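*Asks:* The structure's right below; bear with me while I get my questions together.
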Amino acid sequence: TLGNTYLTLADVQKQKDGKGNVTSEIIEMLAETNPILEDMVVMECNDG
Amino acid sequence: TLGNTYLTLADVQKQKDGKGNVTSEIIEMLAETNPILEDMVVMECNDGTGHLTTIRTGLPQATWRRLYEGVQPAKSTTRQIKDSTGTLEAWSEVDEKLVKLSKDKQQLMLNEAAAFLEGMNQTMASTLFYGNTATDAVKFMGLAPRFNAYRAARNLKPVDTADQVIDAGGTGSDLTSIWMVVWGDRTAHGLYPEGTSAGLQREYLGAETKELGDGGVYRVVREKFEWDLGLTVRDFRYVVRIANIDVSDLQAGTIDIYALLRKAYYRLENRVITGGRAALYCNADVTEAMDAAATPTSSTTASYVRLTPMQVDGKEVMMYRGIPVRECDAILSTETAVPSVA
Amino acid sequence: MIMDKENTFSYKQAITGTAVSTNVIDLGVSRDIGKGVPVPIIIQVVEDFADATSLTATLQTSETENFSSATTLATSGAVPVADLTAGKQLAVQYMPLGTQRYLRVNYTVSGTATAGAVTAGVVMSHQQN
Amino acid sequence: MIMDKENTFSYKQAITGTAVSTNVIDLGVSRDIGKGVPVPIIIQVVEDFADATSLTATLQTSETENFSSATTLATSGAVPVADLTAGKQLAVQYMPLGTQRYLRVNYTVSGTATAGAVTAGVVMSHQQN
């Protein structure tokens, strides 16, 4: 069954233009913006 | 049994003036302002069998790997959607002797060229805004048919084509819509088919022969105008529509135009983060309503704006939130009742 | 959709009542199409429909110019009345396999409608969305 | 052909009785993968059928692992056993449109069979003549 685990051949066919080359420009349409991880301060625990 | 095939004596005569020369000034009361034909981006379709776009429709679900435990790999689940062009073309034979006889050759031909160019621009804009191949076969796809369904109870960010249409009222015969198209490369653009030249073309073929079906023969001159394009909204995230705008209520102010506009620019959810050139298209009636809401007369019930005595005239609405609001003579105020996606 | 005359089954043909495609394609010799490079076709309803129960647009082929040896390359099936809406692609996205000299489109409607139209043919690039 | 393991419905499956496919290709997202660039498929019968009578070869698609309610995207019809030899294709060339959530192949057979097998699955490029 399945078919969702590894990068199957159908997906590779879908990821190329009609000229037969892989698509450089992929529309994301599911990316999100989250600047919490951008403005957050982080430093090494550096302890026990 | 007919005489409207080509330009004749009567037409050039009525194109003349009292002085006796072809006029350089014809008042075009059928001319239109069609800004979208100037703010659009046109790029070649060099992808074969029409331009193709690759949506992404899912992302992996990573796992917190406790040490010495295996992680099952996942994949990027994409999806594709392709678009096509559609051509417009017009011709004009004007009986080369006739244009020779009229003194102003260039002026006469320029008058006819402007006429053809304006008519074809009107058709291009009208079908760019409402062309639906699902009812006309040959034409390309406009922004209207791709969005003719709204999510009734909107979900926050499962962005679907029905998730970018805000509805308020309508359900009559006064309906209209407002547009928000991002004119950029990976936003939306005009595909001219591979090999086809870009934009409205023009070919002064010159003199011809026009052989009749009874042995008749006389020179003609033919000028050919051609244009094909497709709008290919590659990411409907960059476009949002507000439909079912009741013109009666819009002028009566019963519906809040600015509440809808604010519901846009947030369903748009883009150019508030990233993107390219933006625009906002609506007819004269809608902009009239916006200017009314900016500087209100005894406007229904409430407006929440106070004005000064000198601030009772009101400017034109112009740039809304930094988006240049362009008025286009193609968004009809007699739209169809865009239905709920249920 | 870059349609084209001289390769069109029917341009804006009305569907009301049982009838066939106005134009019948003729490929010179009985050679094949569906094989090799895909050839998109759209037997698609253009204008809405009426009380007719169903519709059975089939892609019949035959060696003779007049179709006395019917051969179904692909069938729309008995599509119900509700789905006879504009933009409904009633048959396969691409040209089926086994094209003979001539091909027709056969419209078999359960009952007769007061409305209904179809523009069927081969397009340069089938337009999605 | 370079037909591969994963997106493959059945590999030399006998389905001599009235069985169904085994490898139900499941996709979490309704991609409806047929759109745009095509994807070749085969339901070619791989070894002959002896005593069957019909081999309705539906391409049922549903929205649950178990196909509680399924949708047909390609049906071959009641193909008589006289044609169920090697290479007898049973549906269209490329991927259809409407693959909502899950995809399994049905093999409704009129009567039982003593021989028969198929190799339904996705193929990178078809083989013709």
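Residue names in the structure tokens use chain letters A, B, ... in the order shown, residue numbers from 1 in each chain, and ligand numbers from 1 in the order shown.
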Quick one: superpose chain D on chain C on all Cα atoms, same order, and give the RMSD.

*Replies:*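 Result: 0.8 Å C-alpha RMSD.
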
*Asks:* Residues of chain B that have any atom at most 7 Å from an atom of chain D: could you tabulate them with the shortest-distance atom pair and the distance in Å to one decimal, using only C-alpha atoms, ordered by chain and increasing number, as JSON lines?

*Replies:*
{"residue": "B:52", "atom": "CA", "partner": "D:36", "partner_atom": "CA", "distance": 6.7}
{"residue": "B:57", "atom": "CA", "partner": "D:29", "partner_atom": "CA", "distance": 6.9}
{"residue": "B:58", "atom": "CA", "partner": "D:29", "partner_atom": "CA", "distance": 6.9}
{"residue": "B:79", "atom": "CA", "partner": "D:31", "partner_atom": "CA", "distance": 5.9}
{"residue": "B:80", "atom": "CA", "partner": "D:36", "partner_atom": "CA", "distance": 5.5}
{"residue": "B:81", "atom": "CA", "partner": "D:36", "partner_atom": "CA", "distance": 4.9}
{"residue": "B:82", "atom": "CA", "partner": "D:36", "partner_atom": "CA", "distance": 4.9}

*Asks:* Would you list the contacts of residue A:5 as a PyMOL selection string, taking every protein, DNA or RNA residue within 9 Å and counting only C-alpha atoms, but skipping same-chain residues closer than 6 positions in sequence?

*Replies:* chain B and resi 72-75

*Asks:* Export N, CA, C and O atoms of the chosen residues as a PDB file, in the first residue's frame?

*Replies:*
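Listed below is the output, selection.pdb:
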ATOM      1  N   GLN B  72      12.003   7.731  10.347  1.00  0.00           N
ATOM      2  CA  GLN B  72      11.496   7.295   9.054  1.00  0.00           C
ATOM      3  C   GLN B  72      11.418   8.490   8.114  1.00  0.00           C
ATOM      4  O   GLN B  72      10.643   9.420   8.379  1.00  0.00           O
ATOM      5  N   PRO B  73      12.179   8.512   7.021  1.00  0.00           N
ATOM      6  CA  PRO B  73      12.203   9.700   6.161  1.00  0.00           C
ATOM      7  C   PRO B  73      10.875   9.928   5.463  1.00  0.00           C
ATOM      8  O   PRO B  73      10.116   8.994   5.200  1.00  0.00           O
ATOM      9  N   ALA B  74      10.597  11.197   5.174  1.00  0.00           N
ATOM     10  CA  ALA B  74       9.412  11.606   4.435  1.00  0.00           C
ATOM     11  C   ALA B  74       9.850  12.414   3.219  1.00  0.00           C
ATOM     12  O   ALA B  74      11.041  12.632   2.986  1.00  0.00           O
ATOM     13  N   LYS B  75       8.874  12.870   2.436  1.00  0.00           N
ATOM     14  CA  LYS B  75       9.139  13.500   1.152  1.00  0.00           C
ATOM     15  C   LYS B  75       8.308  14.763   0.999  1.00  0.00           C
ATOM     16  O   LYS B  75       7.295  14.951   1.678  1.00  0.00           O
TER      17      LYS B  75
END

*Asks:* Under the rule that only C-alpha atoms are counted, which of D:80, D:98, D:17, D:40 is the nearest residue to chain A?

*Replies:*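 With only C-alpha atoms as the atom set, the closest residue is D:40.
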
*Asks:* Select, as a list in words, those residues of chain C with any atom no more than 9 Å from chain D (distances computed using only C-alpha atoms).

*Replies:*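 Putting it all together, I get residues 34, 35, 36, 38, 74, 92, 93, 94, 95, 96, 97, 126, 127 and 128 of chain C.
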
*Asks:* Would you mind writing down, as JSON, numbers by chain, each residue of stretch 128-211 of chain B that DSSP on the backbone assigns to strand (DSSP E)?

*Replies:* {"B": [165, 166, 167, 182, 183, 190, 191, 192, 201, 202, 203, 204, 205, 206, 207]}

*Asks:* Include C-alpha atoms and write out the residues we just selected as a short mmCIF file (atom, residue, chain, number, x, y, z; two decimals), in the first residue's frame.

*Replies:*
data_model
loop_
_atom_site.label_atom_id
_atom_site.label_comp_id
_atom_site.auth_asym_id
_atom_site.auth_seq_id
_atom_site.Cartn_x
_atom_site.Cartn_y
_atom_site.Cartn_z
CA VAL B 165 -13.10 35.29 -1.92
CA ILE B 166 -14.99 37.45 0.58
CA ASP B 167 -18.74 37.77 0.06
CA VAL B 182 0.24 40.84 -7.76
CA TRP B 183 1.96 41.53 -11.07
CA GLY B 190 1.17 37.13 -19.35
CA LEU B 191 2.26 34.05 -21.28
CA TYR B 192 2.81 34.59 -24.88
CA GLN B 201 1.57 42.90 -32.28
CA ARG B 202 1.12 44.79 -35.55
CA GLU B 203 2.07 43.81 -39.10
CA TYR B 204 1.75 46.34 -41.91
CA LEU B 205 1.61 43.72 -44.65
CA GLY B 206 1.52 46.37 -47.36
CA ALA B 207 -0.04 46.07 -50.78
#

*Asks:* What residues in chain B have any atom no more than 9 Å from chain A when counting only C-alpha atoms, and can you write them as a PDB file with N, CA, C and O atoms, in the first residue's frame?

*Replies:*
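Result written to out.pdb:
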ATOM      1  N   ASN B  46       8.269  29.515 -22.554  1.00  0.00           N
ATOM      2  CA  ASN B  46       9.236  28.504 -22.967  1.00  0.00           C
ATOM      3  C   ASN B  46       9.300  27.368 -21.959  1.00  0.00           C
ATOM      4  O   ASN B  46      10.327  27.150 -21.309  1.00  0.00           O
ATOM      5  N   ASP B  47       8.193  26.643 -21.839  1.00  0.00           N
ATOM      6  CA  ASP B  47       8.140  25.409 -21.075  1.00  0.00           C
ATOM      7  C   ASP B  47       7.467  24.289 -21.848  1.00  0.00           C
ATOM      8  O   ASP B  47       7.333  23.187 -21.309  1.00  0.00           O
ATOM      9  N   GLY B  48       7.027  24.534 -23.078  1.00  0.00           N
ATOM     10  CA  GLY B  48       6.367  23.518 -23.870  1.00  0.00           C
ATOM     11  C   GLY B  48       4.945  23.251 -23.428  1.00  0.00           C
ATOM     12  O   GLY B  48       4.634  23.360 -22.238  1.00  0.00           O
ATOM     13  N   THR B  49       4.083  22.896 -24.386  1.00  0.00           N
ATOM     14  CA  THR B  49       2.677  22.539 -24.146  1.00  0.00           C
ATOM     15  C   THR B  49       2.018  23.441 -23.104  1.00  0.00           C
ATOM     16  O   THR B  49       1.248  22.992 -22.252  1.00  0.00           O
ATOM     17  N   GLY B  50       2.297  24.732 -23.186  1.00  0.00           N
ATOM     18  CA  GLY B  50       1.742  25.682 -22.249  1.00  0.00           C
ATOM     19  C   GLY B  50       2.504  25.710 -20.935  1.00  0.00           C
ATOM     20  O   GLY B  50       3.059  24.716 -20.475  1.00  0.00           O
ATOM     21  N   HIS B  51       2.515  26.887 -20.322  1.00  0.00           N
ATOM     22  CA  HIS B  51       3.304  27.102 -19.120  1.00  0.00           C
ATOM     23  C   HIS B  51       2.748  26.281 -17.962  1.00  0.00           C
ATOM     24  O   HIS B  51       1.534  26.187 -17.771  1.00  0.00           O
ATOM     25  N   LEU B  52       3.652  25.684 -17.188  1.00  0.00           N
ATOM     26  CA  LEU B  52       3.305  24.805 -16.081  1.00  0.00           C
ATOM     27  C   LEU B  52       3.776  25.403 -14.763  1.00  0.00           C
ATOM     28  O   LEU B  52       4.806  26.080 -14.702  1.00  0.00           O
ATOM     29  N   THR B  53       3.020  25.131 -13.705  1.00  0.00           N
ATOM     30  CA  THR B  53       3.339  25.620 -12.373  1.00  0.00           C
ATOM     31  C   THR B  53       3.290  24.463 -11.389  1.00  0.00           C
ATOM     32  O   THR B  53       2.512  23.522 -11.556  1.00  0.00           O
ATOM     33  N   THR B  54       4.123  24.545 -10.353  1.00  0.00           N
ATOM     34  CA  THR B  54       4.346  23.432  -9.433  1.00  0.00           C
ATOM     35  C   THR B  54       3.978  23.851  -8.010  1.00  0.00           C
ATOM     36  O   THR B  54       4.823  24.334  -7.253  1.00  0.00           O
ATOM     37  N   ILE B  55       2.715  23.639  -7.639  1.00  0.00           N
ATOM     38  CA  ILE B  55       2.306  23.895  -6.268  1.00  0.00           C
ATOM     39  C   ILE B  55       2.942  22.855  -5.341  1.00  0.00           C
ATOM     40  O   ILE B  55       3.243  21.724  -5.740  1.00  0.00           O
ATOM     41  N   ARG B  56       3.164  23.257  -4.093  1.00  0.00           N
ATOM     42  CA  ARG B  56       3.521  22.333  -3.027  1.00  0.00           C
ATOM     43  C   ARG B  56       2.317  22.132  -2.119  1.00  0.00           C
ATOM     44  O   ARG B  56       1.735  23.098  -1.622  1.00  0.00           O
ATOM     45  N   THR B  57       1.941  20.875  -1.910  1.00  0.00           N
ATOM     46  CA  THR B  57       0.690  20.543  -1.235  1.00  0.00           C
ATOM     47  C   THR B  57       0.943  19.585  -0.081  1.00  0.00           C
ATOM     48  O   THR B  57       0.257  18.577   0.083  1.00  0.00           O
ATOM     49  N   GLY B  58       1.934  19.889   0.731  1.00  0.00           N
ATOM     50  CA  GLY B  58       2.249  19.081   1.893  1.00  0.00           C
ATOM     51  C   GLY B  58       3.732  19.127   2.199  1.00  0.00           C
ATOM     52  O   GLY B  58       4.577  19.310   1.321  1.00  0.00           O
ATOM     53  N   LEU B  59       4.052  18.962   3.471  1.00  0.00           N
ATOM     54  CA  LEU B  59       5.421  19.039   3.946  1.00  0.00           C
ATOM     55  C   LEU B  59       5.648  17.938   4.967  1.00  0.00           C
ATOM     56  O   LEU B  59       4.693  17.427   5.559  1.00  0.00           O
ATOM     57  N   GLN B  72      12.003   7.731  10.347  1.00  0.00           N
ATOM     58  CA  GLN B  72      11.496   7.295   9.054  1.00  0.00           C
ATOM     59  C   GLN B  72      11.418   8.490   8.114  1.00  0.00           C
ATOM     60  O   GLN B  72      10.643   9.420   8.379  1.00  0.00           O
ATOM     61  N   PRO B  73      12.179   8.512   7.021  1.00  0.00           N
ATOM     62  CA  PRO B  73      12.203   9.700   6.161  1.00  0.00           C
ATOM     63  C   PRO B  73      10.875   9.928   5.463  1.00  0.00           C
ATOM     64  O   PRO B  73      10.116   8.994   5.200  1.00  0.00           O
ATOM     65  N   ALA B  74      10.597  11.197   5.174  1.00  0.00           N
ATOM     66  CA  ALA B  74       9.412  11.606   4.435  1.00  0.00           C
ATOM     67  C   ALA B  74       9.850  12.414   3.219  1.00  0.00           C
ATOM     68  O   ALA B  74      11.041  12.632   2.986  1.00  0.00           O
ATOM     69  N   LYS B  75       8.874  12.870   2.436  1.00  0.00           N
ATOM     70  CA  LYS B  75       9.139  13.500   1.152  1.00  0.00           C
ATOM     71  C   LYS B  75       8.308  14.763   0.999  1.00  0.00           C
ATOM     72  O   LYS B  75       7.295  14.951   1.678  1.00  0.00           O
ATOM     73  N   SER B  76       8.746  15.624   0.085  1.00  0.00           N
ATOM     74  CA  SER B  76       8.014  16.839  -0.251  1.00  0.00           C
ATOM     75  C   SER B  76       6.943  16.501  -1.277  1.00  0.00           C
ATOM     76  O   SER B  76       7.256  16.159  -2.422  1.00  0.00           O
ATOM     77  N   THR B  77       5.679  16.608  -0.878  1.00  0.00           N
ATOM     78  CA  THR B  77       4.561  16.207  -1.727  1.00  0.00           C
ATOM     79  C   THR B  77       4.095  17.418  -2.524  1.00  0.00           C
ATOM     80  O   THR B  77       3.335  18.249  -2.024  1.00  0.00           O
ATOM     81  N   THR B  78       4.542  17.512  -3.772  1.00  0.00           N
ATOM     82  CA  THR B  78       4.200  18.634  -4.630  1.00  0.00           C
ATOM     83  C   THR B  78       2.937  18.323  -5.427  1.00  0.00           C
ATOM     84  O   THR B  78       2.234  17.339  -5.182  1.00  0.00           O
ATOM     85  N   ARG B  79       2.646  19.178  -6.404  1.00  0.00           N
ATOM     86  CA  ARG B  79       1.489  19.072  -7.277  1.00  0.00           C
ATOM     87  C   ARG B  79       1.665  20.092  -8.386  1.00  0.00           C
ATOM     88  O   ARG B  79       2.367  21.092  -8.214  1.00  0.00           O
ATOM     89  N   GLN B  80       1.042  19.832  -9.527  1.00  0.00           N
ATOM     90  CA  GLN B  80       1.231  20.684 -10.687  1.00  0.00           C
ATOM     91  C   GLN B  80      -0.106  21.179 -11.206  1.00  0.00           C
ATOM     92  O   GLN B  80      -1.150  20.545 -11.032  1.00  0.00           O
ATOM     93  N   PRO B 158      -5.996  27.443   5.453  1.00  0.00           N
ATOM     94  CA  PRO B 158      -5.869  26.376   4.446  1.00  0.00           C
ATOM     95  C   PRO B 158      -6.161  26.963   3.070  1.00  0.00           C
ATOM     96  O   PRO B 158      -7.227  26.759   2.477  1.00  0.00           O
ATOM     97  N   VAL B 159      -5.197  27.725   2.561  1.00  0.00           N
ATOM     98  CA  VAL B 159      -5.439  28.599   1.422  1.00  0.00           C
ATOM     99  C   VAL B 159      -5.844  27.759   0.217  1.00  0.00           C
ATOM    100  O   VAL B 159      -5.046  26.981  -0.317  1.00  0.00           O
ATOM    101  N   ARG B 186       6.973  35.319 -10.312  1.00  0.00           N
ATOM    102  CA  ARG B 186       6.370  34.173  -9.634  1.00  0.00           C
ATOM    103  C   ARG B 186       5.145  34.623  -8.832  1.00  0.00           C
ATOM    104  O   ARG B 186       4.909  34.258  -7.685  1.00  0.00           O
ATOM    105  N   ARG B 234      -0.139  31.894 -10.841  1.00  0.00           N
ATOM    106  CA  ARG B 234       0.659  30.776 -10.366  1.00  0.00           C
ATOM    107  C   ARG B 234       0.469  30.509  -8.885  1.00  0.00           C
ATOM    108  O   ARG B 234       0.564  29.351  -8.464  1.00  0.00           O
ATOM    109  N   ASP B 235       0.189  31.538  -8.092  1.00  0.00           N
ATOM    110  CA  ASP B 235      -0.075  31.343  -6.672  1.00  0.00           C
ATOM    111  C   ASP B 235      -1.242  32.244  -6.300  1.00  0.00           C
ATOM    112  O   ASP B 235      -1.059  33.444  -6.084  1.00  0.00           O
ATOM    113  N   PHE B 236      -2.434  31.659  -6.226  1.00  0.00           N
ATOM    114  CA  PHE B 236      -3.621  32.371  -5.779  1.00  0.00           C
ATOM    115  C   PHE B 236      -3.490  32.916  -4.365  1.00  0.00           C
ATOM    116  O   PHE B 236      -4.397  33.621  -3.911  1.00  0.00           O
ATOM    117  N   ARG B 237      -2.416  32.589  -3.648  1.00  0.00           N
ATOM    118  CA  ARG B 237      -2.142  33.271  -2.389  1.00  0.00           C
ATOM    119  C   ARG B 237      -1.942  34.763  -2.605  1.00  0.00           C
ATOM    120  O   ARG B 237      -2.255  35.573  -1.730  1.00  0.00           O
ATOM    121  N   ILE B 273       4.000  40.507   3.690  1.00  0.00           N
ATOM    122  CA  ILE B 273       5.228  39.802   4.035  1.00  0.00           C
ATOM    123  C   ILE B 273       6.236  39.943   2.901  1.00  0.00           C
ATOM    124  O   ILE B 273       7.281  40.583   3.064  1.00  0.00           O
TER     125      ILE B 273
END

*Asks:* If the cut-off is 6 Å, can you tell me the residues of chain A near chain D, counting only C-alpha atoms? I'd like them as a ChimeraX atom specification.

*Replies:* /A:1-4

*Asks:* Those same residues - N, CA, C and O atoms - I'd like them written as a PDB file, in the first residue's frame.

*Replies:*
ATOM      1  N   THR A   1       0.834  -1.195   0.000  1.00  0.00           N
ATOM      2  CA  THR A   1       0.000   0.000   0.000  1.00  0.00           C
ATOM      3  C   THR A   1       0.869   1.245   0.000  1.00  0.00           C
ATOM      4  O   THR A   1       1.755   1.395  -0.838  1.00  0.00           O
ATOM      5  N   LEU A   2       0.609   2.128   0.961  1.00  0.00           N
ATOM      6  CA  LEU A   2       1.442   3.300   1.205  1.00  0.00           C
ATOM      7  C   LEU A   2       1.664   4.141  -0.046  1.00  0.00           C
ATOM      8  O   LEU A   2       0.713   4.666  -0.629  1.00  0.00           O
ATOM      9  N   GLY A   3       2.921   4.275  -0.458  1.00  0.00           N
ATOM     10  CA  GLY A   3       3.275   5.181  -1.529  1.00  0.00           C
ATOM     11  C   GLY A   3       3.601   6.587  -1.089  1.00  0.00           C
ATOM     12  O   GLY A   3       3.924   7.425  -1.937  1.00  0.00           O
ATOM     13  N   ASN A   4       3.545   6.871   0.212  1.00  0.00           N
ATOM     14  CA  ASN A   4       3.805   8.204   0.731  1.00  0.00           C
ATOM     15  C   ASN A   4       5.173   8.362   1.373  1.00  0.00           C
ATOM     16  O   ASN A   4       5.568   9.491   1.674  1.00  0.00           O
TER      17      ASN A   4
END

*Asks:* Counting only C-alpha atoms, what is within 7 Å of stretch 218-232 of chain B, bar same-chain residues fewer than 4 positions away, as a PyMOL selection string?

*Replies:* chain B and resi 83-96+140-142+188-192+199-210

*Asks:* Fewer than 6 positions away in the same chain doesn't count, so skip those; otherwise give me all residues within 8 Å of stretch 109-112 of chain C, counting only C-alpha atoms, as number ranges by chain.

*Replies:* C: 16-18, 51-56

*Asks:* Kindly export the residues of the current selection with C-alpha atoms, as a PDB file, in the first residue's frame.

*Replies:*
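As a result, again-v4.pdb now contains:
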ATOM      1  CA  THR C  16     -30.599  18.658 -27.582  1.00  0.00           C
ATOM      2  CA  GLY C  17     -31.897  15.344 -28.887  1.00  0.00           C
ATOM      3  CA  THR C  18     -29.840  12.338 -29.954  1.00  0.00           C
ATOM      4  CA  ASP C  51     -34.725  18.002 -18.158  1.00  0.00           C
ATOM      5  CA  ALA C  52     -32.713  15.393 -20.096  1.00  0.00           C
ATOM      6  CA  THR C  53     -31.868  12.512 -17.781  1.00  0.00           C
ATOM      7  CA  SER C  54     -28.311  11.826 -18.953  1.00  0.00           C
ATOM      8  CA  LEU C  55     -25.776  12.137 -21.778  1.00  0.00           C
ATOM      9  CA  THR C  56     -23.548   9.552 -23.439  1.00  0.00           C
TER      10      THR C  56
END

*Asks:* Suppose you want the space between atom CA of residue B:302 and atom CA of residue B:322; what is it in Å?

*Replies:*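 Computing it gives 25.5 Å between the two atoms.
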
*Asks:* Identify, with DSSP run on backbone atoms, the residues in chain A assigned to helix (DSSP H, G or I), and express the list as a list in words.

*Replies:* residues 9, 10, 11, 12, 13, 14, 36, 37, 38 and 39 of chain A

*Asks:* Separation of atom CA of residue C:113 and atom CA of residue B:131, in Å?

*Replies:*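 One can read the atom CA of residue C:113 to atom CA of residue B:131 distance as 26.4 Å.
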
*Asks:* Excluding residue C:71 and residues on its chain fewer than 6 positions from it, collect all residues at most 8 Å away from it, counting only C-alpha atoms, and give them as a ChimeraX atom specification.

*Replies:* /C:60-62
